[PDB]
Amino acid sequence: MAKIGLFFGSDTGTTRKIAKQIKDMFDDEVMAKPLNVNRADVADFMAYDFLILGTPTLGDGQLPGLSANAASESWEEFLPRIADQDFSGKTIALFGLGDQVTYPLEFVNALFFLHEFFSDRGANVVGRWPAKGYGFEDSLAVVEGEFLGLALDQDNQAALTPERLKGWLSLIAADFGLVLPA
Ligand SMILES: Cc1cc2nc3c(=O)[nH]c(=O)nc-3n(C[C@H](O)[C@H](O)[C@H](O)COP(=O)(O)O)c2cc1C
């Protein structure tokens, strides 16, 4: 019913809180309430033509899920449920949570798997983010000096999250038809 679907994966609530912060900025007409992918219905997920998806990186640079030692199923188990769906015509923006100090070689790698998955199915992906403001040495989520989606780090750069969400949401505002609060 809402224009933008908002889904996330999360083990310790960090990504969930961010998803909520994002929703707090827009009206029910433009964006739906944040929902954990382990609660989502395929038909419910497939209805939106615009999607904002968030995910942390766990285990060993993996998507959250039971194989990554998450307390509950997450993106890992959800993707197969929609692997046969076509995402052509759908606009998707990704945000990832990670810890650049503790995992300098796999910073927000989960973003790559998410991007690859929807990209391989015709989705229009937007929201690349400059990688200069981060300290890391390697990442599957970096292409041409930019992260495949917004990168957030509540472990080391929590103070930067507000300006990053304002700036990033403004970046995908054109594609998504969003209007940021003053
Ligand atoms: C066992 C474990 C592994 C992690 N692996 C990575 C990693 O590979 N890359 C990364 O950027 N962050 C990694 N992190 C950091 C988390 O993604 C980060 O703390 C995030 O904020 C957690 O999100 P959540 O609270 O939504 O689960 C790891 C954290 C833990 C506890």
# chains A, B, ... in the order shown; residues from 1 in each chain; ligands from 1
call {"tool": "select_by_dssp", "arguments": {"residues": "segment 4-176 of chain A", "states": "strand (DSSP E or B)", "output": "mmCIF file with C-alpha atoms, in the first residue's frame"}}
result
data_model
loop_
_atom_site.group_PDB
_atom_site.id
_atom_site.type_symbol
_atom_site.label_atom_id
_atom_site.label_comp_id
_atom_site.auth_asym_id
_atom_site.auth_seq_id
_atom_site.Cartn_x
_atom_site.Cartn_y
_atom_site.Cartn_z
ATOM 1 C CA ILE A 4 8.479 2.204 -0.368
ATOM 2 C CA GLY A 5 9.050 -1.148 1.315
ATOM 3 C CA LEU A 6 11.546 -1.139 4.202
ATOM 4 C CA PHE A 7 13.115 -4.446 5.232
ATOM 5 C CA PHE A 8 16.153 -5.355 7.283
ATOM 6 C CA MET A 31 7.179 4.435 3.280
ATOM 7 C CA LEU A 35 10.039 -5.158 8.989
ATOM 8 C CA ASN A 36 12.574 -7.896 9.728
ATOM 9 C CA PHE A 50 10.729 0.760 -4.362
ATOM 10 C CA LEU A 51 12.773 -0.971 -1.669
ATOM 11 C CA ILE A 52 15.209 0.259 0.991
ATOM 12 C CA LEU A 53 17.044 -2.751 2.447
ATOM 13 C CA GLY A 54 19.455 -2.921 5.370
ATOM 14 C CA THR A 55 21.790 -5.598 6.685
ATOM 15 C CA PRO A 56 24.764 -6.041 8.981
ATOM 16 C CA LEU A 58 28.257 -11.358 10.470
ATOM 17 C CA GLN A 62 28.448 -13.357 5.522
ATOM 18 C CA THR A 91 14.267 0.524 -7.581
ATOM 19 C CA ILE A 92 16.359 -0.655 -4.622
ATOM 20 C CA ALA A 93 18.639 1.147 -2.157
ATOM 21 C CA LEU A 94 20.888 -0.706 0.294
ATOM 22 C CA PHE A 95 22.371 0.277 3.649
ATOM 23 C CA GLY A 96 24.839 -1.843 5.540
ATOM 24 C CA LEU A 97 26.054 -1.925 9.110
ATOM 25 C CA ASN A 124 17.700 -0.838 -10.483
ATOM 26 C CA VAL A 125 20.180 -0.267 -7.647
ATOM 27 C CA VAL A 126 20.964 3.266 -6.447
ATOM 28 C CA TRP A 129 28.439 5.968 -1.243
ATOM 29 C CA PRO A 130 31.997 7.415 -1.226
ATOM 30 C CA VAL A 142 33.494 -1.406 -2.797
ATOM 31 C CA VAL A 143 33.421 -0.797 -6.565
ATOM 32 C CA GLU A 146 32.318 3.660 -3.640
ATOM 33 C CA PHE A 147 30.324 1.272 -1.448
ATOM 34 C CA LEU A 150 25.299 3.372 2.344
ATOM 35 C CA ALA A 151 27.863 2.155 4.874
ATOM 36 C CA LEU A 152 27.218 2.764 8.563
#
call {"tool": "residues_near_ligand", "arguments": {"ligand": "ligand 1", "cutoff": "9 Å", "atoms": "only C-alpha atoms and all ligand atoms", "output": "ChimeraX atom specification"}}
result
/A:8-18,54-64,68-70,96-110,139,151-155
call {"tool": "select_by_dssp", "arguments": {"residues": "segment 51-93 of chain A", "states": "alpha helix (DSSP H)", "output": "NGL selection string"}}
result
:A and (75-78)
call {"tool": "atom_distance", "arguments": {"atom1": "atom CA of residue 149 of chain A", "atom2": "atom CA of residue 176 of chain A"}}
result
14.8 Å
call {"tool": "residues_around", "arguments": {"residues": "residue 89 of chain A", "least_positions_apart": "4", "cutoff": "8 Å", "atoms": "only C-alpha atoms", "output": "compact mmCIF listing (two decimals) with C-alpha atoms, in the first residue's frame"}}
result
# COMPACT_ATOMS: atom_id res chain seq x y z
CA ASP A 49 8.34 -1.11 -6.69
CA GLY A 122 17.04 -6.84 -13.10
CA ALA A 123 16.65 -4.47 -10.16
CA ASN A 124 17.70 -0.84 -10.48
call {"tool": "atom_distance", "arguments": {"atom1": "atom CA of residue 111 of chain A", "atom2": "atom CA of residue 81 of chain A"}}
result
18.6 Å
call {"tool": "closest_residue", "arguments": {"among": "A:131, A:46, A:174, A:165", "to": "residue 23 of chain A", "atoms": "only C-alpha atoms"}}
result
A:165
call {"tool": "closest_residue", "arguments": {"among": "A:47, A:114, A:32, A:37", "to": "residue 73 of chain A", "atoms": "only C-alpha atoms"}}
result
A:37
call {"tool": "decode", "arguments": {"residues": "segment 164-177 of chain A", "atoms": "N, CA, C and O atoms", "output": "PDB file, in the first residue's frame"}}
result
ATOM      1  N   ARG A 164      24.977  11.055   7.775  1.00  0.00           N
ATOM      2  CA  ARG A 164      25.001  10.085   6.687  1.00  0.00           C
ATOM      3  C   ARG A 164      23.598   9.685   6.224  1.00  0.00           C
ATOM      4  O   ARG A 164      23.365   9.520   5.030  1.00  0.00           O
ATOM      5  N   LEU A 165      22.663   9.532   7.158  1.00  0.00           N
ATOM      6  CA  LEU A 165      21.296   9.181   6.779  1.00  0.00           C
ATOM      7  C   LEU A 165      20.639  10.363   6.084  1.00  0.00           C
ATOM      8  O   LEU A 165      19.910  10.192   5.118  1.00  0.00           O
ATOM      9  N   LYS A 166      20.899  11.569   6.568  1.00  0.00           N
ATOM     10  CA  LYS A 166      20.306  12.735   5.934  1.00  0.00           C
ATOM     11  C   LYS A 166      20.852  12.875   4.512  1.00  0.00           C
ATOM     12  O   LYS A 166      20.095  13.081   3.567  1.00  0.00           O
ATOM     13  N   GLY A 167      22.170  12.747   4.369  1.00  0.00           N
ATOM     14  CA  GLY A 167      22.795  12.867   3.063  1.00  0.00           C
ATOM     15  C   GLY A 167      22.445  11.741   2.105  1.00  0.00           C
ATOM     16  O   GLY A 167      22.180  11.986   0.925  1.00  0.00           O
ATOM     17  N   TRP A 168      22.432  10.508   2.607  1.00  0.00           N
ATOM     18  CA  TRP A 168      22.136   9.343   1.777  1.00  0.00           C
ATOM     19  C   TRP A 168      20.682   9.306   1.339  1.00  0.00           C
ATOM     20  O   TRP A 168      20.391   9.028   0.183  1.00  0.00           O
ATOM     21  N   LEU A 169      19.771   9.564   2.270  1.00  0.00           N
ATOM     22  CA  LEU A 169      18.357   9.567   1.933  1.00  0.00           C
ATOM     23  C   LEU A 169      18.096  10.673   0.906  1.00  0.00           C
ATOM     24  O   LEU A 169      17.260  10.511   0.013  1.00  0.00           O
ATOM     25  N   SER A 170      18.819  11.786   1.013  1.00  0.00           N
ATOM     26  CA  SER A 170      18.649  12.881   0.055  1.00  0.00           C
ATOM     27  C   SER A 170      19.166  12.443  -1.310  1.00  0.00           C
ATOM     28  O   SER A 170      18.666  12.879  -2.341  1.00  0.00           O
ATOM     29  N   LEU A 171      20.172  11.579  -1.312  1.00  0.00           N
ATOM     30  CA  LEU A 171      20.738  11.085  -2.559  1.00  0.00           C
ATOM     31  C   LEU A 171      19.756  10.189  -3.321  1.00  0.00           C
ATOM     32  O   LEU A 171      19.650  10.270  -4.548  1.00  0.00           O
ATOM     33  N   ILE A 172      19.033   9.337  -2.608  1.00  0.00           N
ATOM     34  CA  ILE A 172      18.084   8.451  -3.269  1.00  0.00           C
ATOM     35  C   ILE A 172      16.681   9.054  -3.284  1.00  0.00           C
ATOM     36  O   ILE A 172      15.722   8.401  -3.690  1.00  0.00           O
ATOM     37  N   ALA A 173      16.565  10.304  -2.851  1.00  0.00           N
ATOM     38  CA  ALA A 173      15.269  10.968  -2.809  1.00  0.00           C
ATOM     39  C   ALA A 173      14.677  11.144  -4.200  1.00  0.00           C
ATOM     40  O   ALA A 173      13.481  10.935  -4.401  1.00  0.00           O
ATOM     41  N   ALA A 174      15.509  11.519  -5.164  1.00  0.00           N
ATOM     42  CA  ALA A 174      15.032  11.711  -6.530  1.00  0.00           C
ATOM     43  C   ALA A 174      14.359  10.439  -7.037  1.00  0.00           C
ATOM     44  O   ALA A 174      13.180  10.452  -7.397  1.00  0.00           O
ATOM     45  N   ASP A 175      15.107   9.339  -7.049  1.00  0.00           N
ATOM     46  CA  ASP A 175      14.578   8.056  -7.506  1.00  0.00           C
ATOM     47  C   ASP A 175      13.346   7.609  -6.723  1.00  0.00           C
ATOM     48  O   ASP A 175      12.384   7.106  -7.300  1.00  0.00           O
ATOM     49  N   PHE A 176      13.384   7.792  -5.406  1.00  0.00           N
ATOM     50  CA  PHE A 176      12.296   7.363  -4.536  1.00  0.00           C
ATOM     51  C   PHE A 176      11.170   8.356  -4.277  1.00  0.00           C
ATOM     52  O   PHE A 176      10.133   7.981  -3.727  1.00  0.00           O
ATOM     53  N   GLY A 177      11.362   9.615  -4.658  1.00  0.00           N
ATOM     54  CA  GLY A 177      10.331  10.614  -4.429  1.00  0.00           C
ATOM     55  C   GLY A 177      10.121  10.884  -2.948  1.00  0.00           C
ATOM     56  O   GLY A 177       8.989  10.903  -2.457  1.00  0.00           O
TER      57      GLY A 177
END
